[PDB]
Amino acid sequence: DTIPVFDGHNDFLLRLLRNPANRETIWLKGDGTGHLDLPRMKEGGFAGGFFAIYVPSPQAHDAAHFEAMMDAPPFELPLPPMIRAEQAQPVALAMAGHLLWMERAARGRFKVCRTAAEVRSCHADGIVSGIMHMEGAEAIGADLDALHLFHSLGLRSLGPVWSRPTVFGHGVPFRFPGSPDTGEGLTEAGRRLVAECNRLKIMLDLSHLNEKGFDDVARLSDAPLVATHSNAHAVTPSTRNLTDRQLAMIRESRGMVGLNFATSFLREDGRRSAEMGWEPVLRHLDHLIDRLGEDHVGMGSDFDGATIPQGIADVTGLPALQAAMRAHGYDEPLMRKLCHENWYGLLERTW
């Protein structure tokens, strides 16, 4: 009785970036590490999701010193320097190239989808779906020319920033505890980026964007507001989470929030440790569902991007998560909404 899950955010492509020579095994067989691969997706009931193209900084997000800091709050991680298009583009092309390769290699068992109809068809057919997503828009120059290029080759979702400055605006540093109001809003280029994404029907992702940038998108975007992998600030006051005020704005826009499985954003203590139970997961889900409404919450795992609860552990833990959700009292129609229907509706409202 596992309900298929369509997911808001994963960083599986980073694993292919880091070991391209072994990609056939990593994707088609698994290599015994990480959260995702094709066989485990099938075992865990992963229907598909957003596959993030994210350009790492020289001190990557999982550098030892950062992990150690996040283990013992309070903490504040420094923002990395801006990466410009000339440097970001080859990396983004590499990751986009791996995503297309995944589809070639899987011989029809995985499909990069460009429309909501394709996603729904994949769901019905049991074919794993993928949405090409860019987490941080460094590969897009301020001129926006590359936005059209990436769109042409399948890009359908874009977060203007990661937790790092871009020509478009500013992301939050990783900090606990702290407000998401950590810096300046969108630049003029960022405002143009919002307008152009609206015109091209590219979904904008607010995860990582600071509060001023969030307010700018809320004011400027003609489309529902979406945070693909962010939780409730009122429960866990991480800079990465959403305040009730932000949630209310997302609700008004008929938007969507994906629950991030990152330990740091779920635990009330904001620690990185996987040693936790189901309570914090359900605490965030209840809070999100209560304020956003049952139609505006889903999963945003952050599989392969963060440490997640021991009870989930990897994609094969989705059934255990569903069991906890059911035990907590979520009925079947709500379960279907949270697992995939809400994302599919959001895609239709956006695209």
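Numbers follow the displayed sequence, beginning with 1.
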- Query: With respect to the recorded C-alpha B factors, which stretch has the higher mean value, 328-336 or 9-17?
  - Reply: 328-336
- Task: Look up the CA B-factors in the entry and say which stretch, 129-137 or 180-188, has the higher mean.
- Result: 180-188
- Message: Maximum C-alpha temperature factor per the entry, among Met41, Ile308, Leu285, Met69, belongs to which one?
- Response: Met69
- When the CA B-factors of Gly97, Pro165, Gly213, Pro280 are compared as recorded in the entry, which is the largest? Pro280
- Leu28: which third of its chain by C-alpha temperature factor? middle
- Compared with the other modelled residues in the chain, in which third is the CA B-factor of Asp205? lowest
- Query: Is the Cα B-factor recorded for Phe265 in the lowest, middle or highest third of its chain?
  - Reply: lowest
- Query: Within this chain, which third does the Cα B-factor at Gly49 fall in: lowest, middle or highest?
  - Reply: lowest
- Note on the structure: Assert third(CA B-factor, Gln322) within chain per record equals middle
